[PDB]
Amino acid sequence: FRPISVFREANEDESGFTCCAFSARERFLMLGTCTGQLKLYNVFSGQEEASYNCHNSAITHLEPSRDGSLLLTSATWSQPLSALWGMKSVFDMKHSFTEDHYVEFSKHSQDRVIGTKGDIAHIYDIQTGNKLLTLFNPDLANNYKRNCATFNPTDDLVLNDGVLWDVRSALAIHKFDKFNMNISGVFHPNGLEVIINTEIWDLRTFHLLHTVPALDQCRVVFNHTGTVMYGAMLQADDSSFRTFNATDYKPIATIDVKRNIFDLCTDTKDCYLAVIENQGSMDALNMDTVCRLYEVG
């Protein structure tokens, strides 16, 4: 991991970056802040290019659409808690998701949003903002304290609270047992496997393929090709980022950056990893984060 850039928040005695993602214009990173600002930075020069107030509480999460026309945000204690913003021409609010603490785009065709409210997943039409679908069954719930509902790559399955759902029928196919209190899990990009904390399950059989103890409590991100997997413990859930070969799950690196981690993300070309680190302790009067960019390839 070769350091390529470092940069804080401009003109802030206390730098308050909390999350990050690559924009559709490579060279430029979008960051959320502890004051609910969305900022655009040149990721090499550290130059702040634009700023908008999205929320009156901290940003926890953001996701740009691929086509560069839309942005999803989630805040901490704001009503509404999550929103969808338009970025074509002018920056403006399209829809709000009143109590959803987390939101993502669909994957294969980006025409829907999936939101989470405690144990319950909500699917929404992007163009109308309607709720199309509520996925919740009280007799299959795991009650994961960090539950984050997510589409599979083809947009026809959802994982919510450790339960696999088939969208077209709105039927629960399978409930994976509970083995931790917090983490509800993600689809592998290959479409064949699910990662729920330290368990990797096959979607053919529901048989355990791998135990990866090092993944305990970790959020997970993939490079664009789906061949490398990064994991870290995140602040929004509460210094070691791990990297794994995404086919066999054997470790490639264990970095200790010496600093608690707020977020990590990949570019579309498998070239860069961007990480938000705090230089402060948690017991400090104030936050002091940096964004670090690493060459990987």
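Heads up: residue numbers just count along the shown sequence, starting at 1.
J.: Please check residue 15 against the other PDB entries of this protein that were compared: is it missing in at least a third of those that model both its neighbours?
T.: Residue status for residue 15: no gap in any other entry.
J.: Out of the other entries of this protein with residues modelled on both sides, is residue 229 skipped in at least a third?
T.: No, modelled in all of them.
J.: What number of deposited residues lacks coordinates in the span between residue 238 and residue 239: none, 1 to 3, 4 to 9, or 10 or more?
T.: Gap size class: 10 or more residues without coordinates, per the record.
J.: Comparing 254 to 262 with 31 to 39, which has the greater mean CA B-factor as deposited?
T.: Stretch with the greater average CA B-factor: 254 to 262.
J.: Please compare 275 to 283 with 14 to 22 and say which has the higher mean C-alpha temperature factor in the record.
T.: The stretch with the larger mean CA B-factor is 275 to 283.
J.: Of 80, 115, 185, 191, which one's C-alpha B factor is largest in the deposited record?
T.: Highest C-alpha B-factor among the listed residues goes to 191.
J.: According to the deposited entry, which of 234, 70, 62, 58 has the largest Cα B-factor?
T.: The listed residue with the largest C-alpha B-factor is 234.
J.: Could you place residue 178 in the lowest, middle or highest third of its chain by Cα temperature factor, using the values in the record?
T.: Its C-alpha B-factor belongs to the middle third of this chain's values.
J.: Please place residue 229 in the lowest, middle or highest third of its chain according to the CA B-factor in the PDB entry.
T.: Middle third.
J.: Please say which third, lowest, middle or highest, residue 124 falls into when its CA temperature factor is compared across its chain.
T.: Residue 124: CA B-factor falls in the middle third of its chain.
J.: By the recorded C-alpha temperature factor, relative to the other modelled residues in its chain, which third is residue 101 in?
T.: Answer is lowest: the recorded C-alpha B-factor places it there.
J.: Please place residue 212 in the lowest, middle or highest third of its chain according to the CA B-factor in the PDB entry.
T.: Residue 212: CA B-factor falls in the middle third of its chain.
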